[PDB]
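Okay, data_34.txt now, which holds compact mmCIF, C-alpha atoms and all ligand atoms:
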# COMPACT_ATOMS: atom_id res chain seq x y z
CA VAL A 1 124.02 96.20 66.75
CA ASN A 2 121.40 95.60 69.50
CA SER A 3 118.77 92.93 70.16
CA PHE A 4 115.57 94.99 69.50
CA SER A 5 113.53 93.28 66.73
CA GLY A 6 110.68 94.20 64.39
CA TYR A 7 110.91 97.96 64.92
CA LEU A 8 110.05 100.52 62.28
CA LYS A 9 112.74 103.21 61.99
CA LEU A 10 111.22 106.73 62.25
CA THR A 11 114.45 108.74 62.38
CA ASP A 12 118.18 108.30 62.85
CA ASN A 13 117.60 107.45 66.52
CA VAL A 14 113.88 106.71 67.11
CA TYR A 15 112.23 103.34 66.46
CA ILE A 16 108.62 102.22 67.07
CA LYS A 17 106.70 98.96 67.42
CA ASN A 18 103.33 97.64 68.35
CA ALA A 19 104.31 95.74 71.48
CA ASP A 20 103.55 95.22 75.15
CA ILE A 21 106.47 96.93 76.91
CA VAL A 22 106.34 94.27 79.65
CA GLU A 23 106.73 91.43 77.16
CA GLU A 24 109.34 93.36 75.22
CA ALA A 25 111.21 94.06 78.40
CA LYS A 26 111.18 90.41 79.47
CA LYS A 27 112.49 89.24 76.08
CA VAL A 28 115.02 91.89 75.43
CA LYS A 29 116.34 92.52 79.01
CA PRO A 30 117.29 96.00 77.93
CA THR A 31 119.80 98.02 79.89
CA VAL A 32 117.07 100.64 80.54
CA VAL A 33 113.28 100.36 80.54
CA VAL A 34 111.39 103.61 81.04
CA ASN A 35 108.41 103.71 83.40
CA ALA A 36 105.58 106.22 82.95
CA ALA A 37 105.82 107.25 86.60
CA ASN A 38 104.04 109.77 88.79
CA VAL A 39 105.80 111.96 91.37
CA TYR A 40 104.90 109.59 94.23
CA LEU A 41 106.09 106.47 92.36
CA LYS A 42 102.65 104.93 93.04
CA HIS A 43 102.56 102.33 90.23
CA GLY A 44 98.84 101.71 90.16
CA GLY A 45 97.82 101.52 86.52
CA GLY A 46 98.78 102.15 82.94
CA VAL A 47 102.34 101.26 82.02
CA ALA A 48 103.49 101.66 85.63
CA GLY A 49 100.90 99.30 87.02
CA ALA A 50 101.78 96.73 84.36
CA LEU A 51 105.55 96.98 84.90
CA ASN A 52 105.15 96.78 88.66
CA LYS A 53 102.82 93.77 88.42
CA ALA A 54 105.41 91.97 86.31
CA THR A 55 107.96 92.49 89.14
CA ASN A 56 105.60 90.88 91.68
CA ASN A 57 105.39 94.30 93.45
CA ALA A 58 109.16 94.52 94.02
CA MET A 59 109.22 97.76 92.00
CA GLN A 60 106.65 99.28 94.39
CA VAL A 61 108.56 98.14 97.51
CA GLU A 62 111.78 99.69 96.18
CA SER A 63 109.92 102.84 95.14
CA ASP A 64 108.33 103.32 98.57
CA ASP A 65 111.78 103.25 100.18
CA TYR A 66 113.03 105.75 97.56
CA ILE A 67 110.19 108.19 98.35
CA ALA A 68 110.58 107.79 102.11
CA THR A 69 114.23 108.82 101.75
CA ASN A 70 114.07 111.43 98.98
CA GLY A 71 110.51 112.73 98.74
CA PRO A 72 108.52 113.04 95.52
CA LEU A 73 109.95 113.57 92.08
CA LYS A 74 109.29 116.72 90.05
CA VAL A 75 106.92 116.69 87.09
CA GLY A 76 109.38 116.45 84.19
CA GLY A 77 111.92 114.69 86.41
CA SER A 78 113.19 111.16 86.82
CA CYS A 79 115.11 108.71 88.95
CA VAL A 80 117.05 105.53 88.15
CA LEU A 81 116.05 102.44 90.13
CA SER A 82 116.40 98.70 89.62
CA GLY A 83 114.93 97.05 86.54
CA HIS A 84 114.19 93.94 88.63
CA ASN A 85 113.40 90.97 86.34
CA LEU A 86 112.62 93.24 83.37
CA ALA A 87 115.81 95.23 82.65
CA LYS A 88 119.08 96.20 84.28
CA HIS A 89 117.66 99.60 85.29
CA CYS A 90 114.29 101.31 85.30
CA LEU A 91 114.27 105.02 84.50
CA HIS A 92 111.12 106.34 86.20
CA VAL A 93 110.13 109.45 84.22
CA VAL A 94 107.26 111.78 85.20
CA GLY A 95 105.49 113.26 82.21
CA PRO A 96 102.77 115.84 82.86
CA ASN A 97 99.33 114.37 83.57
CA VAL A 98 96.71 116.35 81.66
CA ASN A 99 93.98 114.78 83.87
CA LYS A 100 95.66 116.69 86.79
CA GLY A 101 96.11 120.02 84.88
CA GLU A 102 99.93 119.87 84.50
CA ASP A 103 101.65 121.96 81.89
CA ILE A 104 102.26 120.08 78.63
CA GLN A 105 105.46 122.08 78.04
CA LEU A 106 106.92 119.85 80.77
CA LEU A 107 106.73 116.96 78.31
CA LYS A 108 109.94 118.16 76.65
CA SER A 109 111.71 118.29 80.03
CA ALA A 110 110.50 114.75 80.72
CA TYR A 111 111.95 113.42 77.46
CA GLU A 112 115.29 115.18 78.13
CA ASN A 113 115.91 112.57 80.84
CA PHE A 114 116.26 109.96 78.09
CA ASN A 115 119.43 111.69 76.81
CA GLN A 116 121.33 110.47 79.89
CA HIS A 117 121.09 106.87 78.54
CA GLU A 118 122.55 105.62 75.28
CA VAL A 119 119.73 103.12 74.54
CA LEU A 120 116.23 102.81 76.08
CA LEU A 121 113.02 100.83 75.74
CA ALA A 122 110.24 103.31 76.44
CA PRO A 123 106.54 104.12 76.22
CA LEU A 124 105.26 107.40 74.86
CA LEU A 125 105.40 109.80 77.79
CA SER A 126 102.15 111.37 78.97
CA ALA A 127 100.13 109.03 76.67
CA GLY A 128 97.46 106.59 77.83
CA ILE A 129 95.96 107.46 81.21
CA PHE A 130 98.19 110.57 81.44
CA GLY A 131 95.83 112.16 78.91
CA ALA A 132 98.12 113.75 76.33
CA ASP A 133 97.82 113.31 72.57
CA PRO A 134 100.20 110.43 71.66
CA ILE A 135 100.90 112.01 68.26
CA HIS A 136 102.15 115.12 70.08
CA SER A 137 104.14 112.97 72.49
CA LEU A 138 105.83 111.20 69.56
CA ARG A 139 106.70 114.54 67.97
CA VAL A 140 108.26 115.84 71.20
CA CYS A 141 110.17 112.56 71.56
CA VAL A 142 111.65 112.79 68.07
CA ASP A 143 112.52 116.47 68.53
CA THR A 144 114.07 116.03 72.02
CA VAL A 145 115.67 112.60 72.41
CA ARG A 146 119.07 112.23 70.73
CA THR A 147 119.96 108.81 72.15
CA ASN A 148 118.57 105.57 70.73
CA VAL A 149 114.97 105.03 71.81
CA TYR A 150 112.78 102.01 71.08
CA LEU A 151 109.18 102.93 71.61
CA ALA A 152 106.58 100.28 72.50
CA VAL A 153 103.00 101.13 71.70
CA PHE A 154 100.54 98.70 73.26
CA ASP A 155 97.51 99.58 71.12
CA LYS A 156 97.71 98.36 67.52
CA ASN A 157 95.16 100.92 66.31
CA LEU A 158 97.19 103.73 67.89
CA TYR A 159 100.47 102.36 66.54
CA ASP A 160 99.12 102.45 62.98
CA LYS A 161 97.81 106.05 63.41
CA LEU A 162 101.19 107.21 64.79
CA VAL A 163 103.03 105.71 61.81
CA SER A 164 100.58 106.94 59.17
CA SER A 165 100.58 110.52 60.50
CA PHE A 166 104.33 110.78 61.17
CA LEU A 167 106.06 113.68 59.45
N1 LIG B 201 101.28 97.75 79.03
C1 LIG B 201 101.05 99.14 78.69
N2 LIG B 201 100.11 99.81 79.31
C2 LIG B 201 99.90 101.11 79.00
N3 LIG B 201 100.62 101.71 78.03
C3 LIG B 201 100.45 103.12 77.77
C4 LIG B 201 99.52 103.56 76.66
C5 LIG B 201 98.25 103.08 76.45
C6 LIG B 201 97.75 103.75 75.39
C7 LIG B 201 96.37 103.51 74.85
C8 LIG B 201 95.75 104.17 73.80
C9 LIG B 201 94.48 103.62 73.70
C10 LIG B 201 94.36 102.67 74.70
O1 LIG B 201 95.51 102.64 75.37
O2 LIG B 201 98.65 104.62 74.97
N4 LIG B 201 99.76 104.53 75.75
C11 LIG B 201 101.61 101.02 77.41
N5 LIG B 201 102.49 101.37 76.43
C12 LIG B 201 103.22 100.29 76.15
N6 LIG B 201 102.82 99.29 76.92
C13 LIG B 201 101.82 99.75 77.71

Show me, as structure tokens, the structure contained in the file I just sent.
Ligand SMILES: Nc1ncn(Cc2cc(-c3ccco3)on2)c2ncnc1-2
Amino acid sequence: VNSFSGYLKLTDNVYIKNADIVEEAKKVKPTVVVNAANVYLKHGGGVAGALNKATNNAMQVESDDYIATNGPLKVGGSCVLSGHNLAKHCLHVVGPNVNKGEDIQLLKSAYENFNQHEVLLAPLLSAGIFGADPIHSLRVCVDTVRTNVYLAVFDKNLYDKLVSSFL
């Protein structure tokens, strides 16, 4: 039994809700919140900009030190950093950005990072400003993630389309 509330159950392990991931993170304090990161951990907009804003820029400060030490992530890769005031940990996951020409096949690799964590609060990878079709992203999620994932979908109109079209 966990503290996530009001989710619709899509499969054995995938749940979905119309929610602001920032607000859901602050209420739940999940062990892991997933950030829709880029390889430079520059959290300027979309989910990443919102999560970082909610940390009063502490996420960005930590991320800049991470990059200075380790260099950029790979597209499809991830790193675990602090969750600050939002979660115990933040799993920064880089889905392919269609608006940069990155290969969509890397979306499966990106979701594989979730399998290293038993329970996660997450957005749909590569959705929003990353330019992929969120229906495709949901399908890859369901077909790749085996651990328990609670998906937050900010847009109510999109949430309803994802549910209604789910196979
Ligand atoms: N605070 C947040 N900001 C951004 N996203 C990503 C996102 C946005 C959309 C979309 C579709 C039409 C308009 O926006 O689809 N995915 C978030 N997901 C959960 N919380 C989020």

Distance of CA of residue 53 in chain A from CA of residue 18 in chain A, expressed in Å to one decimal place
20.4 Å

Which residues come within 10 Å of residue 114 in chain A, counting all atoms listed in the file, excluding same-chain residues fewer than 6 positions away, as a ChimeraX atom specification?
/A:32,34,78,91,93,120-122,141,144-149

Convert the current residue selection to file output with C-alpha atoms, as a PDB file, in the frame of the given file.
ATOM      1  CA  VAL A  32     117.070 100.640  80.540  1.00  0.00           C
ATOM      2  CA  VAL A  34     111.390 103.610  81.040  1.00  0.00           C
ATOM      3  CA  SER A  78     113.190 111.160  86.820  1.00  0.00           C
ATOM      4  CA  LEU A  91     114.270 105.020  84.500  1.00  0.00           C
ATOM      5  CA  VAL A  93     110.130 109.450  84.220  1.00  0.00           C
ATOM      6  CA  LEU A 120     116.230 102.810  76.080  1.00  0.00           C
ATOM      7  CA  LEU A 121     113.020 100.830  75.740  1.00  0.00           C
ATOM      8  CA  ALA A 122     110.240 103.310  76.440  1.00  0.00           C
ATOM      9  CA  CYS A 141     110.170 112.560  71.560  1.00  0.00           C
ATOM     10  CA  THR A 144     114.070 116.030  72.020  1.00  0.00           C
ATOM     11  CA  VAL A 145     115.670 112.600  72.410  1.00  0.00           C
ATOM     12  CA  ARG A 146     119.070 112.230  70.730  1.00  0.00           C
ATOM     13  CA  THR A 147     119.960 108.810  72.150  1.00  0.00           C
ATOM     14  CA  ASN A 148     118.570 105.570  70.730  1.00  0.00           C
ATOM     15  CA  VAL A 149     114.970 105.030  71.810  1.00  0.00           C
TER      16      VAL A 149
END

What residues have any atom no more than 6 Å from ligand LIG 201 (chain B) when counting only C-alpha atoms and all ligand atoms, and can you list them as number ranges by chain?
A: 20-21, 46-47, 50, 123, 127-128, 152-155

Write the residues of the preceding selection, restricted to C-alpha atoms, as a PDB file, in the coordinates of the input.
ATOM      1  CA  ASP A  20     103.550  95.220  75.150  1.00  0.00           C
ATOM      2  CA  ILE A  21     106.470  96.930  76.910  1.00  0.00           C
ATOM      3  CA  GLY A  46      98.780 102.150  82.940  1.00  0.00           C
ATOM      4  CA  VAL A  47     102.340 101.260  82.020  1.00  0.00           C
ATOM      5  CA  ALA A  50     101.780  96.730  84.360  1.00  0.00           C
ATOM      6  CA  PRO A 123     106.540 104.120  76.220  1.00  0.00           C
ATOM      7  CA  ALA A 127     100.130 109.030  76.670  1.00  0.00           C
ATOM      8  CA  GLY A 128      97.460 106.590  77.830  1.00  0.00           C
ATOM      9  CA  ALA A 152     106.580 100.280  72.500  1.00  0.00           C
ATOM     10  CA  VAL A 153     103.000 101.130  71.700  1.00  0.00           C
ATOM     11  CA  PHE A 154     100.540  98.700  73.260  1.00  0.00           C
ATOM     12  CA  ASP A 155      97.510  99.580  71.120  1.00  0.00           C
TER      13      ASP A 155
END

Using only C-alpha atoms for the distances, tell me which of A:51, A:160, A:92, A:150 is nearest to residue 6 in chain A.
A:150

Identify which of the residues A:28, A:8, A:143, A:63 lies closest to residue 112 in chain A, counting all atoms listed in the file when measuring atom-to-atom distances.
A:143

When you look at residue 37 in chain A with a cut-off of 8 Å (counting all atoms listed in the file), what residues show up, excluding the ones that are within fewer than 3 positions of it in the same chain? I need them as a PyMOL selection string.
chain A and resi 41-43+48+92-95

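Straight-line separation from CA of residue 38 in chain A to CA of residue 23 in chain A: 21.9 Å.
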
Which residues are near residue 71 in chain A? Cut-off 10 Å, only C-alpha atoms, ignore same chain within fewer than 3 positions. Put them as a VMD selection string.
chain A and resid 39 to 41 64 to 68 74

Near-residue 130 in chain A list (8 Å; only C-alpha atoms; drop same-chain fewer than 4 positions) as a PDB file with C-alpha atoms, keeping the file's coordinate frame:
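Result saved to result_26.pdb:
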ATOM      1  CA  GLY A  95     105.490 113.260  82.210  1.00  0.00           C
ATOM      2  CA  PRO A  96     102.770 115.840  82.860  1.00  0.00           C
ATOM      3  CA  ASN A  97      99.330 114.370  83.570  1.00  0.00           C
ATOM      4  CA  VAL A  98      96.710 116.350  81.660  1.00  0.00           C
ATOM      5  CA  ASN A  99      93.980 114.780  83.870  1.00  0.00           C
ATOM      6  CA  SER A 126     102.150 111.370  78.970  1.00  0.00           C
TER       7      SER A 126
END

Expressed in Å, the length from CA of residue 135 in chain A to CA of residue 162 in chain A is 5.9 Å

Counting all atoms listed in the file, find the residues whose atoms lie at most 9 Å from (113.9, 111.8, 62.1) (file coordinates) and write them out as a JSON list (two decimals) with C-alpha atoms, in the frame of the given file.
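That gives us point36.json:
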[["chain", "number", "residue", "atom", "x", "y", "z"],
["A", 9, "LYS", "CA", 112.74, 103.21, 61.99],
["A", 10, "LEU", "CA", 111.22, 106.73, 62.25],
["A", 11, "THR", "CA", 114.45, 108.74, 62.38],
["A", 12, "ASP", "CA", 118.18, 108.30, 62.85],
["A", 13, "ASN", "CA", 117.60, 107.45, 66.52],
["A", 14, "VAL", "CA", 113.88, 106.71, 67.11],
["A", 142, "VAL", "CA", 111.65, 112.79, 68.07],
["A", 143, "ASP", "CA", 112.52, 116.47, 68.53],
["A", 167, "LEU", "CA", 106.06, 113.68, 59.45]]

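Distance annotation: of A:25, A:90, A:36, A:19, the residue with the minimal separation from residue 125 in chain A is A:36; atom set is only C-alpha atoms.
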
Pick out the residues sitting within 8 Å of residue 113 in chain A, and hand them over as a VMD selection string; count only C-alpha atoms, and ignore anything fewer than 2 positions along from it in its own chain.
chain A and resid 77 to 78 93 109 to 111 115 to 116

Write out N, CA, C and O atoms for range 14-33 of chain A, as a PDB file, in the coordinates of the input.
ATOM      1  N   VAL A  14     115.165 107.089  66.531  1.00  0.00           N
ATOM      2  CA  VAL A  14     113.880 106.710  67.110  1.00  0.00           C
ATOM      3  C   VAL A  14     113.250 105.597  66.295  1.00  0.00           C
ATOM      4  O   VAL A  14     113.122 105.702  65.067  1.00  0.00           O
ATOM      5  N   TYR A  15     112.819 104.556  67.003  1.00  0.00           N
ATOM      6  CA  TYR A  15     112.230 103.340  66.460  1.00  0.00           C
ATOM      7  C   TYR A  15     110.905 103.091  67.173  1.00  0.00           C
ATOM      8  O   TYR A  15     110.744 103.487  68.331  1.00  0.00           O
ATOM      9  N   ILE A  16     109.951 102.426  66.502  1.00  0.00           N
ATOM     10  CA  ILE A  16     108.620 102.220  67.070  1.00  0.00           C
ATOM     11  C   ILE A  16     108.064 100.853  66.702  1.00  0.00           C
ATOM     12  O   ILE A  16     108.317 100.329  65.611  1.00  0.00           O
ATOM     13  N   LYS A  17     107.285 100.280  67.623  1.00  0.00           N
ATOM     14  CA  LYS A  17     106.700  98.960  67.420  1.00  0.00           C
ATOM     15  C   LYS A  17     105.386  98.878  68.180  1.00  0.00           C
ATOM     16  O   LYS A  17     105.238  99.474  69.253  1.00  0.00           O
ATOM     17  N   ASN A  18     104.535  98.031  67.650  1.00  0.00           N
ATOM     18  CA  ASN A  18     103.330  97.640  68.350  1.00  0.00           C
ATOM     19  C   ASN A  18     103.712  96.482  69.261  1.00  0.00           C
ATOM     20  O   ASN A  18     103.915  95.356  68.802  1.00  0.00           O
ATOM     21  N   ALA A  19     103.861  96.768  70.553  1.00  0.00           N
ATOM     22  CA  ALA A  19     104.310  95.740  71.480  1.00  0.00           C
ATOM     23  C   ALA A  19     103.889  96.105  72.895  1.00  0.00           C
ATOM     24  O   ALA A  19     103.698  97.279  73.224  1.00  0.00           O
ATOM     25  N   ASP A  20     103.743  95.069  73.718  1.00  0.00           N
ATOM     26  CA  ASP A  20     103.550  95.220  75.150  1.00  0.00           C
ATOM     27  C   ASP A  20     104.921  95.418  75.788  1.00  0.00           C
ATOM     28  O   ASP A  20     105.768  94.521  75.723  1.00  0.00           O
ATOM     29  N   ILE A  21     105.148  96.597  76.382  1.00  0.00           N
ATOM     30  CA  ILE A  21     106.470  96.930  76.910  1.00  0.00           C
ATOM     31  C   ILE A  21     106.922  95.904  77.947  1.00  0.00           C
ATOM     32  O   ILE A  21     108.120  95.631  78.078  1.00  0.00           O
ATOM     33  N   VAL A  22     105.984  95.305  78.680  1.00  0.00           N
ATOM     34  CA  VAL A  22     106.340  94.270  79.650  1.00  0.00           C
ATOM     35  C   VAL A  22     106.930  93.060  78.951  1.00  0.00           C
ATOM     36  O   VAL A  22     107.973  92.529  79.350  1.00  0.00           O
ATOM     37  N   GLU A  23     106.255  92.592  77.903  1.00  0.00           N
ATOM     38  CA  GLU A  23     106.730  91.430  77.160  1.00  0.00           C
ATOM     39  C   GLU A  23     108.017  91.750  76.428  1.00  0.00           C
ATOM     40  O   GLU A  23     108.929  90.919  76.367  1.00  0.00           O
ATOM     41  N   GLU A  24     108.115  92.957  75.881  1.00  0.00           N
ATOM     42  CA  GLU A  24     109.340  93.360  75.220  1.00  0.00           C
ATOM     43  C   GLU A  24     110.442  93.461  76.233  1.00  0.00           C
ATOM     44  O   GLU A  24     111.564  93.004  75.985  1.00  0.00           O
ATOM     45  N   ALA A  25     110.144  94.022  77.408  1.00  0.00           N
ATOM     46  CA  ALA A  25     111.210  94.060  78.400  1.00  0.00           C
ATOM     47  C   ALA A  25     111.646  92.645  78.790  1.00  0.00           C
ATOM     48  O   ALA A  25     112.843  92.357  78.872  1.00  0.00           O
ATOM     49  N   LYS A  26     110.724  91.726  79.022  1.00  0.00           N
ATOM     50  CA  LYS A  26     111.180  90.410  79.470  1.00  0.00           C
ATOM     51  C   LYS A  26     112.007  89.673  78.425  1.00  0.00           C
ATOM     52  O   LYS A  26     112.869  88.863  78.782  1.00  0.00           O
ATOM     53  N   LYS A  27     111.781  89.938  77.144  1.00  0.00           N
ATOM     54  CA  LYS A  27     112.490  89.240  76.080  1.00  0.00           C
ATOM     55  C   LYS A  27     113.797  89.893  75.793  1.00  0.00           C
ATOM     56  O   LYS A  27     114.819  89.222  75.612  1.00  0.00           O
ATOM     57  N   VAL A  28     113.766  91.203  75.752  1.00  0.00           N
ATOM     58  CA  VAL A  28     115.020  91.890  75.430  1.00  0.00           C
ATOM     59  C   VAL A  28     115.986  92.007  76.622  1.00  0.00           C
ATOM     60  O   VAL A  28     117.201  91.909  76.444  1.00  0.00           O
ATOM     61  N   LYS A  29     115.535  92.228  77.835  1.00  0.00           N
ATOM     62  CA  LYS A  29     116.340  92.520  79.010  1.00  0.00           C
ATOM     63  C   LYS A  29     117.152  93.747  78.694  1.00  0.00           C
ATOM     64  O   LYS A  29     118.387  93.722  78.772  1.00  0.00           O
ATOM     65  N   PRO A  30     116.503  94.839  78.325  1.00  0.00           N
ATOM     66  CA  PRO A  30     117.290  96.000  77.930  1.00  0.00           C
ATOM     67  C   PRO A  30     118.041  96.546  79.136  1.00  0.00           C
ATOM     68  O   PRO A  30     117.708  96.286  80.293  1.00  0.00           O
ATOM     69  N   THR A  31     119.084  97.310  78.841  1.00  0.00           N
ATOM     70  CA  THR A  31     119.800  98.020  79.890  1.00  0.00           C
ATOM     71  C   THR A  31     118.869  98.962  80.649  1.00  0.00           C
ATOM     72  O   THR A  31     118.945  99.054  81.882  1.00  0.00           O
ATOM     73  N   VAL A  32     117.994  99.674  79.934  1.00  0.00           N
ATOM     74  CA  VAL A  32     117.070 100.640  80.540  1.00  0.00           C
ATOM     75  C   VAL A  32     115.669 100.426  79.978  1.00  0.00           C
ATOM     76  O   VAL A  32     115.467 100.501  78.759  1.00  0.00           O
ATOM     77  N   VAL A  33     114.697 100.218  80.871  1.00  0.00           N
ATOM     78  CA  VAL A  33     113.280 100.360  80.540  1.00  0.00           C
ATOM     79  C   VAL A  33     112.769 101.612  81.231  1.00  0.00           C
ATOM     80  O   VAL A  33     113.078 101.863  82.401  1.00  0.00           O
TER      81      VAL A  33
END
